[PDB]
Each structure stands twice: as C-alpha cells, then as structure tokens.
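What follows is a single structure, written as structure tokens, with notes after it.
Nothing in this text is a laboratory measurement; each read-out follows from the coordinates by a stated rule. Cβ coordinates were reconstructed from backbone atoms using ideal geometry, including for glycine residues, and neighbour counts include every protein chain displayed.
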Amino acid sequence: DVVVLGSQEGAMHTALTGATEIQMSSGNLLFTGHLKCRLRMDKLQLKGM
Amino acid sequence: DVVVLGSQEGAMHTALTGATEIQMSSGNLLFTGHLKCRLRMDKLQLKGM
Amino acid sequence: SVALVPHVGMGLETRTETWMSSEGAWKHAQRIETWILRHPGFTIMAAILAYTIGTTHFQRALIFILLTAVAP
Amino acid sequence: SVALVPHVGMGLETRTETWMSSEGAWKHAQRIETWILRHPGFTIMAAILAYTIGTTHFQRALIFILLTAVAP
C-alpha cells in the first residue's frame, strides 16, 4: 500500500539552522550583509567656523 | 519576537524509521511479534482410518 | 530535532518489515557520499591529519573513516 | 530526511544572528550525552575497543570520542 509522508515544514524549520532570515511579505527586504565603501569627503565644511 | 516552528508530522515520520507499524483504527490490532505455544497431540484422531 | 535519534537500535524488531525499511537503510551512506562530493577539502584534510596520527595503516584508515563519518 | 544537512558550515554569515542560534548550537551535544546515559554498553565497549587499538593516549582518546560521536 502507498501512504503519504506528511508535512515537512517543521523538519525544514530545523533544516535552516544557520540561515539568516530575511523578509519578503511586502517587498524583498534583506537585513544582513555588508558593503565596502570609499568614503571620499573632499568638500566637507564645518558649519560653524 | 516569537515564531512557532511548524509541524513535526513529517519530521517524526523520519523519527519513526525502524518502528514497526500497528493498526489503531478500530481496536488496537497489532500484527507484530511471536507467540510460543506448547502443542500436545495425544487426542488427534486421524480421520481416514 | 525529533528527526534525529531515529529509533533504530531498540531490540523490538521482528520478521515483519518496519516503517522505513529500505528507505532508511541507505540514506545515511548516500547522505555522506553526497556530502563528500560537495566538500572534498575536508576529505583531503582529514586524510592528511589521519595519516600523521596512528602509526599503523589500520589506525590511519579507522581515524579517516571516523573523521569523515562524524561531519554530517 | 530534509531535517539533516542543516545548512551550517557554508559561510554566508554576518553579525546578525541566524535562524537558530543558542538552540541549534548545542542540540548535537545534548542528544549524544543523552544517548550515553541511556545506552552505556556501547560506551564501555567503545572504551575497550579504543583502549585496545591505539598506542599513545591521544589516539585512544581520539578513537573513543570519534566512536562515541558516530553513533546517534
């Protein structure tokens, strides 16, 4: 006989141990990561000298 | 923030590897195991003598 | 989670087949063999670290098998 | 099943914590020790096998911890 195996949702929730959660219920917003940047402040006045 | 962690139905159908299935649907009918039986045969007529 | 400790060695086994006979008898072996083919550098590193410990060939082979088998 | 190969050692991590930090970080260290306190026979016999083959104490401890780890 042939039987279905059942909902693999909780097994998948324990399969993502080490996976950084993002959100995409409105947009696709990530809230992890980094970006290198060259901060070039040539023309940066003081406002008060 | 809190989140619940899915269903372990499929996550336990992997946990139940190696467990012998029985049938608890109408009465707890098992279909597993043995039964030792001493069988004595001193009153068996042969039906054909 | 609960899918670990998968109810294997308990006694309790009979001539009837279990819930996942032949679907769980070879999932561990093909699971680690599909683990090696996607992380080979641990197999080279565990080979050279198991080679330099245990100065007989059987201790080297045993530590290689065990160090490969621990990592899921 | 899919509840193994749990997406751990493949980089991609940052300062933000994962889906299971402090939960999926000690679950492989609890159920081994629970298996030791609920199955002592392979622990004593694995200690005898590790003590038998192995010349130094470091190899005996290594094969003991590995044989203790490969069992569920």
Please indicate, with yes or no, whether at least one residue in segment D:30-53 is within 25 Å of D:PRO6 (Cα to Cα) and exposed (fewer than 10 other Cβ atoms within 10 Å of the Cβ).
yes
Members of segment D:54-72 that are touching a helix residue (DSSP H, G or I) at 6+ places or on another chain (Cβ under 6 Å), without any contact (Cβ under 8 Å) to a residue 24 or more places away in the chain and either on the phi > 0 side of the Ramachandran plot or surrounded by fewer than 17 Cβ atoms within 10 Å (Cβ to Cβ) (or both)
D:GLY54, D:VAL70
What residue, among those in segment D:8-29 that are over 17 Å from the mean Cα position of the chain (by Cα) and not polar (S, T, N, Q), is farthest from C:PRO6 (Cα to Cα)?
D:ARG15
Of the residues B:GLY6, B:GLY10, only one is within 12 Å of chain A (Cβ to nearest Cβ), assigned to a helix (DSSP H, G or I) and over 14 Å from the mean Cα position of the chain (by Cα); which?
B:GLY10
Among the residues listed as D:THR18, D:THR43, the single one being β-branched (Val, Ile, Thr) and farther than 30 Å from A:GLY6 by Cβ:
D:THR43
Could you grab the pairs with beta carbons closer than 8 Å, sequence gap of 6+ or different chains, first residue in segment B:22-38 and surrounded by 10 or more Cβ atoms within 10 Å (Cβ to Cβ), second one in a loop (DSSP other than H, G, I, E, B) and not aliphatic (A, V, I, L, M)?
B:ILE22/B:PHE31; B:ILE22/B:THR32; B:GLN23/B:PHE31; B:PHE31/C:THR16; B:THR32/B:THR20; B:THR32/C:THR14; B:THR32/C:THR16; B:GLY33/C:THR14
